[PDB]
Structures are given as structure tokens and as C-alpha cells.
Amino acid sequence: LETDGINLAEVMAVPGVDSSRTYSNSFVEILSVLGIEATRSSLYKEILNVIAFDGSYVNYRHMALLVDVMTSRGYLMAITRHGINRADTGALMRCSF
Amino acid sequence: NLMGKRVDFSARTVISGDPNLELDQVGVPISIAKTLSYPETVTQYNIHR
Amino acid sequence: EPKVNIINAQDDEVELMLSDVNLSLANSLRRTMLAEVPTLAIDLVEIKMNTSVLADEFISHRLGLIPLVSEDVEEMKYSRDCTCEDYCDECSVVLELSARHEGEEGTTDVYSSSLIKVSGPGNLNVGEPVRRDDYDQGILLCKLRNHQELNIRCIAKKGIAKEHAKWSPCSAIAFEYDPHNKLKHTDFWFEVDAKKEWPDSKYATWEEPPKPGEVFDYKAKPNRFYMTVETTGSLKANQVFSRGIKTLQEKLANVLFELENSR
Amino acid sequence: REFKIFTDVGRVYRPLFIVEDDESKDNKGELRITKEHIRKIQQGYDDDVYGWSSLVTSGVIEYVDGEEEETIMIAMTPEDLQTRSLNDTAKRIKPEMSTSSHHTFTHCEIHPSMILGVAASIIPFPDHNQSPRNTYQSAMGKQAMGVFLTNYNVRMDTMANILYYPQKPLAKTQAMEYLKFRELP
Amino acid sequence: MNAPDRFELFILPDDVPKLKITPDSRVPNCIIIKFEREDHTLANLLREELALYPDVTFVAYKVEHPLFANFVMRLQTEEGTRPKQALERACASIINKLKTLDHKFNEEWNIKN
Amino acid sequence: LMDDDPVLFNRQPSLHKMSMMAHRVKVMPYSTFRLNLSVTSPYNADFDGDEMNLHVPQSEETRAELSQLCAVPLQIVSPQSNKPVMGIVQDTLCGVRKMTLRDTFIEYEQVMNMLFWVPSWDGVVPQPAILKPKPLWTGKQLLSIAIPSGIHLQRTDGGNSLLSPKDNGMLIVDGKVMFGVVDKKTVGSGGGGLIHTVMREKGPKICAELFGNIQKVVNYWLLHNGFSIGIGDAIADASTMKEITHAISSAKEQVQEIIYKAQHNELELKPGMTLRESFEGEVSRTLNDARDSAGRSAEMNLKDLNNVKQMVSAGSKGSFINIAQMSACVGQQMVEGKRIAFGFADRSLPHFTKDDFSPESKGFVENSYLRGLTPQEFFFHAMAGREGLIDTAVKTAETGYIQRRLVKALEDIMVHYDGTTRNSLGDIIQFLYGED
Amino acid sequence: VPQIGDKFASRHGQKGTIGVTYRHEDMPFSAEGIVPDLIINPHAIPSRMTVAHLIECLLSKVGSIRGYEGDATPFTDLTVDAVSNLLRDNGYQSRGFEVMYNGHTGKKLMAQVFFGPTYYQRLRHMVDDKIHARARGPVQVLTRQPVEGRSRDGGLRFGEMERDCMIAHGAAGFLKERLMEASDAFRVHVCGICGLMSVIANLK
Amino acid sequence: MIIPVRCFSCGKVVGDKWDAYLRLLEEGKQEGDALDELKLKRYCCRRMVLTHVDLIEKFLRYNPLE
Amino acid sequence: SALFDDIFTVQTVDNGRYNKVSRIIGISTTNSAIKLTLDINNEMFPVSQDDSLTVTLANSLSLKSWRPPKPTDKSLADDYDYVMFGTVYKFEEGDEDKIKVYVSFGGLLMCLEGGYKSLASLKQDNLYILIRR
Amino acid sequence: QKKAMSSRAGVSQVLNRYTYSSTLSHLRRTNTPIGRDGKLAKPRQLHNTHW
RNA sequence: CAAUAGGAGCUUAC
Ligand SMILES: [Mg+2]
Ligand SMILES: [Zn+2]
Ligand SMILES: [Zn+2]
Ligand SMILES: [Zn+2]
């Protein structure tokens, strides 16, 4: 099955569904439902899909690093000023960005 | 001025292709080769040159 | 063993078949006649008064491109091997051009025949701009209106076509061999049949076409070369050919000299 | 159910031939311009100055802006006004146009190459190129050394470039007769 | 502004030799000759002349860069023969062939009148 | 500035670490910069106006840093996709394809010149493949001379036997080619090819010299062979023209049938897709397959002496779509993912009738570039090319912004001596780099 | 005068710069002795699909042989086949190929060469208007950094992406040297107690 | 501007033929026949004379300023 | 002084793919099941169907830097019409008595089947092939 | 003059006299003052009504 | 032994 829209928790419960394999393309939902490691897995899957769509191949470690930086704090850290500049790093780095 | 800045000892001109150059070789115009410079400390192995 | 068969021979062009020589020899001769046969051409221009619409370096380029009679240029010296300072009489030819339009209607054309030889290493027959006939007007140089004037002192010197094209005695050296592709040195592009789609060489009737029963020969080298030398009037065709041969001979003699005197 | 007449300033417009469309005469369906009009244009006068404006005022060419263009059916060439009865593997297939039983044309292009501008008009055979290359030439042809004016010697500008020996092109477009590219190559 | 002079193709400096010979030690009885201020005209002539001798085992030339007017030639010969003597022999042979060619052209041109 | 000085050489934009590399200097006249042609790929450069910057290191520490970290030989393999980024390109590829064909033979004098042209030749003349009645070398021998010894490569292309009837696949034993045309699949920038093998076995210096050896040999052979392209290389014979036009007419009939089915309400919709979107998707499928089939016909018609076919087969420029558009059919133009929209009221151009959904009305170009486009096809193709130019002009800003943000997010992340991957705060991002 | 690095184009988007120049005797020639002014690479036609370039070369050849100007107006009934028929009627290979010889050796080329006249343009971008080098020169008053401009003898910007590439390379010393010793390096005195640059220094 | 002395491609002298070419054009002869009689046989030489545009006539019309 | 002498009857010749190169198939006239596939230069040694070729494989031509042969010296190749040099790149000691040898003559390929007792001595580094008629 | 901001720029330009066709094109040029502040690619597109 | 700044406009290569 494929669907439009997202309700992961209720569909995982419906009898007849493989509750151990339901997946969502919205990793914020994954984080709210399945935790942070499953969020990392989903994030890697999405990034691999976006890159390998056209037959491009990026080595694993680069996308692994990108998803590990985005999930290191326990929650999703966006690649924006609202994400990068809310860290505890020095003031000069944050101002330089 | 801090993340990026203008620098001395640089050059710019149109590039051309040369089948007879090695892979790690670049052909430098004579005028640029004379305008740019490298500071070489004088030692007892390079004093004649 | 080398042989020459002249097919057409006039003053400006000679068409000849060369045979029993290597292709390298024939191509070296073509290259020598195109590039290394000395001639005479204006290499220094002095403007006194130029009030024409054309620019000074425009006129200088055109004057440098004017063919001059160079029959005796080989008895002359290169201006870099003479002890003299600013041009003397033996390594240069000095020309004058004076032109002027008087009146307020019409245009006065300045032609290459108006160039006048003043000095030069007499009695050598060098320097004069080449005229096709007795009634030739020569090359167009400039045009003049009311009160416009041109006063120029040109110097002519000896040089070769390697340094600059204005010293080239030749225009086009047509050159070909093996009209029937017996040696299979080319491989004809075609759509349906390579024999119908390709025009015959102008020397096709000079050689027997291959027989259908014939097999390919792997011993045959190129042996007959059909070439047509043309000149610009500065030198004659036989003169261009003979001096190209002589220039090649002296280049080889120079190599031999350096080899022997390197021992 | 609207009728809009515009006399505004600043509207862009272009001329077209007028195909006779009144469905009452044998002259229906073909161009109103004939060989007398071309004879008059070459002559330079009517047989009791005859130029473009006389064609416009005689009702054989009219101007249309983009809005009016919505309502018209423009034939691409004067031959498209009649269906032909060919099989030429070299000449390009003029489109079939089979869906429509009977065409009622109202206008014809004077010449299809006129859709191009000044810079694109220099290009020879622009219909054999992919469009980005035509765009690059339209940009690059403006940077080409020539003779901008014949009085460049009595003018004093910051910079000027004049080609020594300009040559007209061996392959030329009809538009360049009007662009003076053969007079100032 | 960076263009060298068009006469450095042919004018030999005083500090630059016309010809310089070094030996190729990898194979026996071989030499490397650099001709300064020459081009394909002399190189191809000499190469195709030398390539037809029985005692010449290797002969080749190249112009490493078109913007520099020289070529380098590798020539190997058999045990008894020296590549230098074969080089003089080839030069002399081409000179003689050109002299015969010139004589025949002049006689033919006179006959054509 | 003198010969062999290391200088940093750079072209903007500098999208990756191999856009700015250190080169050795060779002084030359004629005020342009000179580049070997295999390094133009990492710079994304060509020679139609480009300019590049040169930075001179002013100390010995920076000279050593440039020569031991940024040098061109050290960047041949990239970490982006663990494959080489420098390959054989753009004429050496076509020439090596022509040279390593099975029926390419070379006489002794040209062989001698090619051997002397190889900078790393050891002075040993290889035995000719044929000894009688006339010594002949094959192009594979002369190319194998370029390859260093101790290299073994083996590739299978569509299950070829060891006798290779098509001369496909690849076998290299001790640096000698046994069979297989040498093309993009062997000397390109793909992974597992010859360049990657030589890089991994011999080091960066020998792999760098391989580029020069192959370039010089192939360039000499192509100089004395020649390679051209003309108007005749885009022309297919009459029977192929009949086949192509028949295929296009059949596809036009198929589209007309789809239109009839849609208009009398009998078309079968698809999930998550509207009836109009289903109609458009089916028509687009049909026309794309029409163009592909006409292109296949044109490609089969091309002889082995066709120059476009040689360039495509070498993989040095062009592809099957280029052949198709030049000789058979330009095909369908797309603006914003759809066919040509009804910019006028219910039509694409004012030369069409209302509500005409035929392929010609909505942006199908039936002609080829050789045959010439009609004014309508010309305008539609102009719209499509304009869309492409706008896309290229407009997406680059979003891409540059994205890459700047990624760099700022990841700029402070380094692998430490204990194996961990930490940021400037010392926080762990990965306990082991790459997990391996 | 044109030289290496000057930019030229034909009227079909085929721009390029001069890579090298060859003399009359070095260039390939046809059997009639005609040599080209210009040799472009075949690899610019296929992926760019500039068929009009080849068609215009063919038409120009025919026009120059028959002594008129070819009409290349778009959307006319002219075809390549008619042009090839004219060219063949003039005694030339109908597709514009010619048997040419190698200038270096005079040997025939194994392949035939597409040959003929084409209208080229001299673009305003000359290398001599672009070549710039700077060792040391004027600096800005405010920032004391190299000025901006080729005409002003300025320096080149070592922007942020160049810094990213140097960081990827791990060349820390080179980056410090670009940003300090090749640019506005300065010396200031700080207070060991307050850490402000409020130190009054009299070095003499 | 004014007729070039030489042919660019090969170097034949064409600068002495512009007036003859114009005279040939006055009596009605078409361009190819005129180029044939002047013995311009290679299409490089032919396009040298056939494509020349004589701009010096236009430049000469502005009064000399001396 | 030869490794494998034999006479073959040419079965098929596919000129086909190339212009100077043709692939031939031939079974021995005296010992069938010995198959020979061979690429040959057409212009140097043209071959037609049903022709009979004396094919020799040798490890030398005597009775490392190639030099042109003189007229005065002699070698094994003097008695043949078509001589090629190649590299053995696969020796298939395979099924019961199917033995396949692969030789590459500068990209012109050869395969030779037959019983082990015929091709046992064909396990070398480089092989010459010589042909008559 | 004192309201240079909020006024249209580039309405007048230095006539391009590099070559004749460049002058002829500059005299026939058009400019939509949409501005580059905004990535709407729609007004940059060649449109059917442009014919 | 010392060659302003700020703006706007048109362009070059991606
Ligand atoms: Mg570029
Ligand atoms: Zn003197
Ligand atoms: Zn303090
Ligand atoms: Zn000419």
C-alpha cells in the first residue's frame, strides 16, 4: 500500500498491516512515533532517494554524516539559521554565517 | 573582508588547451611570469643561480 | 633516378609531374617553395604627410603586401648581417611615393606603379614593384580627394615567408598523387557507392584505373606527384622552383656542415 | 458577447496580409494583394508616391496587436491557403492539418522569418539550430567588430573598433538588405 | 604583449648551437639529435630518407610543441655502422637527388621553349 | 615565476575541492593559460572565453602544502563517489576508439614515430602482429605500449565470449590489450576502469603520466589519420527515411485514436491521476516512444564510417538522442513538465484551430534539424530552449545557497585521532567515521 | 592583430578562442592547394546540433564557386540535397568533403575533411584586455586590502568558496597565508588585563 | 574598406583586379564570368573579390579637415 | 621445430564486421573435432570458403627488439605465406577431451579445440602461427 | 533627483555604438521593470502571444 | 618617493 496524507500511529495499529514495517516519508512523524534512530534511518533513505533519483551515486559516509549532524541532539536540527545559530558554539562562528 | 578578501600575488587570464602539456602542468604567459614573483631565501646551494 | 615532366609552363605558373622521388621529398619541396624562398618586400615605411582618409598602419600594411621584382635578391644581404647603421645601399632598397589630388571634383587613385625606386644595390635588378604588362596600373593603394596628400618613404628588405606572409613568392601550390587510390591511402566516405559519389582527379587520365580482377598490392609506394606552382610575379615559376630546390640543398648542406664540424 | 475597440498608446502591433473572407464572391479564400500592387510598388506610383501606406489604406494589409490576434486564423505561407494534392524526402513535410475539414483563413504572414528581431536576422538557416545556440548568437553578434558608422573619423568616442577589411557574407538572409549588414559588414 | 618575434624561427643566436648530439644509453648504438630552429620540412625529408637504409634500425622525429621551432630525432643503427655516418650519407643522398632534379627541370624548361 | 613552481589554479564557482588544484608552472608566450585537456573536467572548464585564477604561494610551507595535498595527481580519484574524476576526453577518446578497432593496422614508419612519441617508452620495438608478407602493427599494440606493465583489467559487456565476435568486453594482461575496443568504458571516468586500476595499483604519479602517454599517442595517430564531420554524416538513406516517416505516421494515428477514445469517453484512467492527466500521460508516452523508435531506425541505418556514429560509440560527445534529433525526429518539446500550453485562447499559436490536441498543435516537432524546422516548430522549440535557459539561470542561486548552508552546518566537523567524528564543541557526531 | 586567446564566433552560437596558429605550409591542404584560415573541432556539432553551421558552410562553398551569394533565409524551400546537387555539378564531392593532405608529411589523410567558407566574427573579448597580474600595489584607504579592478591594478577575491576548498584540502598554512600575508595583515597591542586594543604604544 | 592586396587564404594578388572586376560588371557580365576571366579559379580567391565592400568611397565624402 | 602442424579445410568466412579482417572456421581434414577459428588480414592473405590451409603453430621462427629482416638470413617463416605473432591468454583444460587454447594476435583472436594429446604442448607464453596457400 | 530611490533606474542608457547591428538592436530594446527580487520564472518565459 | 569614494547601467564564464 501507498497513501496520500500521514497518520502513522493509527495505520500501524490496523489489523492486517505489518506493524513492524510501516514507513513514512515524513521523518518528523517518524521522530514523534518511532524515535531518533528510526528518524536517522528515514532521513538517510530520503536523502539517498533524492540523490540516486537520476542515477547519481554519493558514497554512504557523506549522507551518513549529514543525517548524523541533523539528529545528534535528539531532535531534528534544520540546516538554517534557526538551526545552526541555536547551537552552543562560539559567537564568531554564528555571526560569520 | 573576513570570510573572503582580495589578495596579492594572483593573476587571471583566458585559458587555452595544450595536448603537449603534462597533466599537472600549467602554461604561464611570460608577462605574468615576470609580474608575479616568489621570495627565495639565499642559501649556500642556490647563490650562483 | 628522379624525373621531371613539365605539363604547362608560363611565367607565373608551372604545372609539372614529379616522379621517382619519395613523398617526403616532394612535400619538402612544396613547403620550401611556400615558406623559405627569399624575396623582397617593404619592411619599413616612413610617413611624411598622410592626410588621406586611410590610417597610417593600414597604408603601411598594404605597402608591405606589394610584390616587388626579386630576380637578383639572392646576391643581396640580410639587413641583420650588415655592419651598416640605418639602412645603407647594399642591404636595402629605398622607394618613394608622392601623390596629390588637385581640384575639387573627382578622385585620384594611388597605385603601386606610382612607387619609384630611388636607391638600391645597383646594378641588381631588384626593387621595382611588379607590373603584369607594359600598360598595367598595378595595385590600388589609396584614394585621394581635394588637397589630400600622401608622402611616403618605403624601405624594402630581404626576408622569407616564415617571418611574414608578405615575403611569400607563391600563392597556391596545388599538389596531389595517386589519383586512383591504388595505394589505399584514403578511405572514401560514401552513402551508396564510393566510386559514383567522388569526382575524378584532374590527373585521373594520366594513370591506368585498377582492373576489377586486380588484388591489392602491398609493395607499391607513391611514385608520381602532380603539382602546380603559382607565383605573384615577384619571382618566375622556374625561378621559384629552382631556388626552392637550392634553398633545400643549402639547408641540408648546413646540417652536414654542423655535423662534420662538430667532430 | 463583447466587442472591444482599443485606441491606446503603447500597444505593440504587426502587419499581416488580408485574406478575402467574405463568403459571397469568387475572390474568397485567397490573398487580396495581387500583381498590380507589386507592379505599383516597383513603379513607385499608382496608374491614376505609392508606398507602404497606400497598401495599408487600400485594405490589403492591416495591423494587429496581441489581443486582436486571439480572434484570427493566420496562414503561414501563401501556399497554405490551398490544400495540395509531393513525397519529397528532402523538403520538410508541411504539417498535415487533417482534423479540420475546411479552413477559413483571415490573415497570412508576409514572411515567417519576420518573427525574428534585428540580431537574430543575421543568422543563416536559424531553423536548423537548437534555440539556445540562436540565443547565444543573438547575444554575441552585438559584440562583433565591424564599421559602426562611416564618419568614425570625425567622431570622438571613448572606444571604437573598425575592421580593416569587412566582407559581406557568402550566405545571406533577405533581412540583411534592410539591416545594412552588406553595406557595413 | 607576449608574442615573440617572427624572426626567431630562423635567426640562430650566437649562444645557441644549430645541432646537439646526445646518446641514448638504453639501446646500443643510438643517438638523440636536437635540431634547433627547424621544422617538419627538414625532419620529414631526413626521416623518410634514413628509414630506407638497411643499416638503420630506428629513426623517428617529433616536434614536442608547435609554439617552439625545433625537433628532436632518435636514430639507431646496427653494430658496425654509426648513426652519424648514416646521417651524413642520407644528407648527401638527398643533396644529389635534388641536384639531379634541378638539372632535369632546367633542361625540360629549356626544351619547353 | 619559473618552471615547476607549484601554483594554486582555480576556476569559479569552486563547487568542490577539485575545482582548485595545484599545478606545476611552464613558462610560455602568448598570454593565455595552458591546461592539459584531461583536467578540464574537474574544473568544468572549456576554452570558449573562460578565465581562471592563479595564486602563488609566498613561502615554503605553502609550497609543500600545495605540492603534497592539492597537486593534480592526488585528486584523480574523488571521495564524492569513490571513482576517478579525470579521464580521457574529447578527441583522445574518439581517436583511441578508432585506433583500437580490430582492422586498424600501422606500418613500420608510423609505428616508429608513435613509439618515439611515448614519453615512457623503454626503447624496445614491439614485435608486429603480422610478420608476413608485410610487417603490420595493430592499434591495440601501440595503445598497450602506453599502459604500464603489471596492470590487469577484465570486463564483460552483455555476456561476450573470450573470443569476442563483436570486439566488446575488455581483457588486459600485464598491460597488454588482448581484445576489446578501447572507449569510454575503459578510459573514461567511470569506476573500475583502467584509470582507477592504475591509480590504485601504481600510485598518483604513474596514473598522471598515463594520461599524457595516451593523449600523445592517440593525438599523433589522429593527426596522421584525420577525423571530420560533415552535413552528410546526418543524412539517412531513402529506405530509412521511409521507415522513420512510417513510424511517425503510425504514432500520429495512435495519438488520434487516443484522442477519439478520450472524446467519446472510453479511456481508462489511472490511480491518483485525472482523465485529462491520463490522456496527456498516454500521449506523451506514445510520442516519446515514437521519437525513440525513429531514432533507433536512424541509428541502425548509420554505417561504421559515419562520423556521428563514431563519436557516439566512442562516448566522447553526443548520445543516441542527438543522432535521433539530427537525422530522424526532434520530437516533443516540454515547457514546465507539460506539453506546449494553450497560450492563446484554446490554442498554442494563432495558426491553429480551437481545441486541437494533435501532436503538432501542442509541441511535437516532426522534422529533424537536418530537414529544418517549420516556423511553428521553431517557435515551440524556442519556448522549450528558453525554459531551459531560465532554469539554468535561476536554479543555480538556490543551489549555491543550499551548498553554502550545508558548508556552514558541516564546516566544523573533523575526524579525531581516537576515530570519533566530533564538532568544535567536542560533541560526538559518529563514534567511528563512516561506521567503518 | 588576432593572436592566441582572442575570441571568435560563427553565426550559429559556435564561439571559441584561438588555441594555436599555423603558417601556410603547416596547414592541411586540398589537392588544389587551398588551405583553411581556420580549423574547428568536429566534437562541437553533435551534442550542440548546429546543423545550420554545416549547411551554411556548404551553401557558402557553392556560392563562392558559382560567384553569387547563397540565400539562407529561414523557412524557405531550399534543401541540402539541392545544394549538394549544385556542388556536385560544379565538380566537387556533393557533401562538402574533400581529399586533403597532411601539411607535415604530404600524405593523404585517411578521412576526408568537411571544407569550405564560413562567415566568422571578431568579438570584443581580447586576451590582452583581460590578462592581469598583481604582485603588490595600491590598497584601499579604509580596509587596507588590495583595491578592486584590472584598470586599478587590483587583486583577485579569495572568497568563501575558495576557503571551503582549502579547508577540504586541509591546507591550513596556505589559508592563513592567503588571508594574512597576501592581504591586510596588521599588528596591534592588547592589554593583558582588560584585553582591549586601548594600548598606547610608542615603539621608538 | 579598400580591396585587399592578397587573398587571405592562399596569397594570390587580387589588389590589381578590383577595377577590372567593376569594368566587367558594367557591360552586364555576371559575377562568376567576370571572376573567371580575371583567372580567379580557387573559391578562396573568388570570395576575396566577390565579397569585398568598398567603403573608401563613403569615407572619402567627408571634407578633408586640412 | 614446430609445435602443431596440421591441414585445415575452411568452412565459413564472415568478412562482415570489418574490411581488412575476416574470421574463418575450419575443421582438420585428417582429424575431425579439431576446430580452428582465426582472424586474418584480408588484404595480406585473402581466403575463400572450402580452401585448404596448411596451418602451423610454433614457439619460434629460428632454425628482443624487433628489427626489419634482411634478405640474406633465413627463418621458419620462409616456407609460408602468412605469419602472425600472438599471446596465449587462456588454456582451457576443460571437459573430457575438449581442450581450448586462446591466442591474441595483436587483437586478432584465435581458438583451437581438439584432444589433450594434440594441444598439450600448446601451453606457452607466446605462439607464432604460419600459413600456406 | 532627490527621490532617486523609489524611481525607475536604467530608463536611459548609453547608446551602444560598438557595431551597426548593436546600435540597431539597442534602439529597439524593451525592458519589463519586474525586478530580480523574486524568483517567479513565469514572466521570464517565452510566451505564445510573443509571436 | 606617494594614482578617491559611492551608486546605477551594460556585459563575460559557469
Ligand atoms: Mg566556458
Ligand atoms: Zn647595410
Ligand atoms: Zn587594559
Ligand atoms: Zn586564394
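Residues numbered from 1 in each chain as written, not as in the entry; some residues may be left out. Chains lettered and ligands numbered in written order. Part of a larger assembly, values for the part shown. Heavy atoms only, no water.

A short note on the coordination of the zinc ion (ligand 4)
Residue and element names in this part refer to chain H.
Next up, step 1: On the protein side, the zinc ion (ligand 4) has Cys7 (SG), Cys10 (SG), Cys44 (SG) and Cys45 (SG) as donor atoms, found 2.3 Å from it.
Next up, step 2: Here the zinc ion (ligand 4) binds four donor atoms, and the angle range of 96 to 114° at the metal identifies the geometry as tetrahedral.
Next up, step 3: Mapped onto the polypeptide sequence, the residues donating to the zinc ion (ligand 4) form the spacing pattern C-x2-C-x33-C-C. Taken as a pair, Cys7 in the segment before α1 (18-26) and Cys44 in helix α3 (residues 43-50) lie far apart in primary sequence, 37 residues in all.
Next up, step 4: Note on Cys7: relative accessible area 2%, which makes it buried. (Donors = N, O, S within 2.8 Å, 3.2 Å for Na, K, Ca; no water. Tetrahedral: all angles 85-135°; square planar, octahedral: opposite > 155°, others 65-115°. Helix = DSSP H or I, 4+ residues; strand = E, 2+ residues; numbered from the N terminus. Buried < 20%, exposed > 50% of the residue type's maximum accessible area, 1.4 Å probe, protein only.)

Remarks on the sheet that holds strand β4 (residues 107-108) of chain D
Next up, step 1: Strand order in the open sheet made by the four strands is β2-β1-β4-β3 (chain D), with mixed pairing throughout. Looking at the sheet topology across the chains shown, the edges are occupied by β2 (61-65) and β3 (74-75) of chain D. (Pairing = 2+ DSSP bridges.)

Structural notes on a nonpolar patch on the surface
Residues and elements named next belong to chain D.
Next up, step 1: Among the surface-exposed residues, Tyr13, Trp52, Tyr63 and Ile110 lie close enough to one another that they form a single nonpolar patch of about 400 Å² accessible area.
Next up, step 2: Relative to the assigned elements, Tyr13 resides in strand β1 (residues 13-18).
Next up, step 3: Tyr13 gets classed as exposed once you look at its relative accessible area, which sits at 52%. (Patch = residues over 30% accessible without salt bridge, like charges linked within 9 Å, V, L, I, M, F, W, Y side chains within 5 Å. Areas by Shrake-Rupley, 256 points an atom, 1.4 Å probe, with all protein chains shown as cover. Salt bridge = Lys/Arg side-chain N within 4 Å of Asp/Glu carboxyl O.)

Section: the protein's contact with RNA strand K
Next up, step 1: Taken together, 15 residues surround RNA strand K, and among them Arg11 and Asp50 of chain F together with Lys7, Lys15 and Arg152 of chain G come closest.
Next up, step 2: In RNA strand K, the atoms that sit within 4 Å of the protein are 97% sugar and phosphate, with bases accounting for the remainder.
Next up, step 3: The contact in question runs from a phosphate oxygen of RNA strand K to an N or O atom on the side chain of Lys15 of chain G, over 2.9 Å.
Next up, step 4: The residue makeup of the surface near RNA strand K, split by class, is two nonpolar, six polar and seven charged. (Near = heavy atom within 4 Å. Polar contact = N/O pair within 3.5 Å; in protein donor to acceptor, adjacent residues only side chain to side chain. Nonpolar A, V, L, I, M, F, W, Y, C, P; charged D, E, K, R; others polar.)

Examining the arrangement of the chains
Next up, step 1: Left apart from each other, chain B and chain H have a closest C-alpha approach of 25 Å.
Next up, step 2: Separating chain G from chain I is a minimum C-alpha gap of 14 Å, and the two share no contact. (Contact = heavy atoms within 4.5 Å.)

A closer look at the interface of chain G and chain F
Next up, step 1: Opposite the 54 residues of chain G that make contact, chain F presents 62 residues.
Next up, step 2: Roughly 5000 Å² of surface becomes buried between chain G and chain F when both sides are summed, with 65% attributable to carbon and sulfur atoms.
Next up, step 3: The three residues of chain G that bury the most area against chain F are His43, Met49 and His169 of chain G, which together make up 15% of that side's buried surface.
Next up, step 4: The partner of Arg163 of chain G in a salt bridge is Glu411 of chain F, and the shortest N-O contact between them spans 3.7 Å.
Next up, step 5: Scanning the region where chain G abuts chain F turns up 16 residue pairs in polar contact.
Next up, step 6: Broken down by secondary-structure element, the contributors of at least two residues to the side of chain G that touches chain F are β2 (15-17), α1 (51-66), β7 (113-114), β10 (156-158), α3 (160-169) and α4 (172-179) of chain G.
Next up, step 7: Sorting elements by how many residues they give to the side of chain G that touches chain F places α3 of chain G first, with nine residues. (Buried area = accessible area lost by both parts, 1.4 Å probe.)

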